[PDB]
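Just the one chain here, the form deposited in one PDB entry, laid out as structure tokens.
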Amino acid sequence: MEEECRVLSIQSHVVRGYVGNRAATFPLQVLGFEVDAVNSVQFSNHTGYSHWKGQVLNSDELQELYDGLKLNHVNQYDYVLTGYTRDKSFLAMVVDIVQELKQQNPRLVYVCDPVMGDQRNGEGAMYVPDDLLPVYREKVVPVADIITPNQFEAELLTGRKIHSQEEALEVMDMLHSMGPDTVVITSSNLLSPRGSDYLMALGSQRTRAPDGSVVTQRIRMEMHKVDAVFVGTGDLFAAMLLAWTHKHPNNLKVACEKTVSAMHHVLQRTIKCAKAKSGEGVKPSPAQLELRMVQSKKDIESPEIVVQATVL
């Protein structure tokens, strides 16, 4: 894009692979946004791998950094994107940070990816310490303008469990109620209208006109499911979601469409090469499932629409 948009993305960093800031920075950059990256952690790779070693930051390490920026008077953003953290102290502090910033720039938008767990093999389990659920639930979502939760995470926040599209739609109403005006469930089990081989994603948006009226947007999408478990997809999503909604602040359908389309492309590209390195009748390993970002540069920049959002 051509306007001056700065984004303070606070997420995980992996030496190898695309997950965390690693999966979010490129997209936003090739998209035109100026990114300020704070890495909550530095691991060798993502925990999906059998082994993973690395380091983590605590509230003080985050303070040091922001203080640094603070001291130089360069703490001015237009957006804020947050993700992976294992430190409740760290997360809490972000909230304080986000707010001081929203005080300076009332126009700031805070995209929150409530990264806590995975909804795989049925219902799920979190992949971060439990002490964050409360923090995300009570201090973070409140102050978020856009959330990109997991069916799982989304159940985790609203404290319920989805078993129908409706039930889903309610959690989005509820979630909104907690703060965000734009809410997206990146995916879920909901018995898609067609095929078990299809992922469904729901996105709600609520706006208050200067006349008091509240214009509501509700969209459902059926994505073509890939026979694999990728990691970092969520992060790429939000990062791109942050870019399209900026383009179409009142077009959740469109913003989500581009976004999920880019998503499809990237993913199709990945599984292709993945199955190539694994061989026929052999399952791609997490290492072989890393997102083929660089290769998808053009698709990210201008994704052809391959998913048409249905307006509920």
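Start at 1 with the first residue shown and count on from there. Heads up, when I say rigid core I mean the largest set of C-alphas that superpose within 1.5 Å between the two forms.
Higher average CA B factor: 52-60, of the stretches 52-60 and 248-256. Between the stretches 86-94 and 233-241, it is 86-94 that shows the larger average CA temperature factor. When the C-alpha B factors of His73, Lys139, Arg206, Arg107 are read from the deposited coordinates, the top value falls at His73. Taking the PDB entry at face value, the top CA B factor among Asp131, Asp78, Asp113, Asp145 belongs to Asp131. Among all modelled residues in this chain, the alpha-carbon of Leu190 has a temperature factor (C-alpha) in the highest third.
In the PDB entry, a CA B factor belonging to the highest third of its chain's modelled residues is recorded for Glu280.
Annotation for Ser177: CA B-factor lies in the middle third of the chain's modelled residues. Among the modelled residues of its chain, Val184 has a C-alpha B-factor that falls in the lowest third, as given in the PDB entry. Among the modelled residues of its chain, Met1 has a C-alpha B-factor that falls in the highest third according to the deposited record.
Although it is not shown, the form deposited in another entry is what the next lines describe.
Core-superposed comparison between this form and the one not shown: CA of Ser213 displaced by 2 Å or more.
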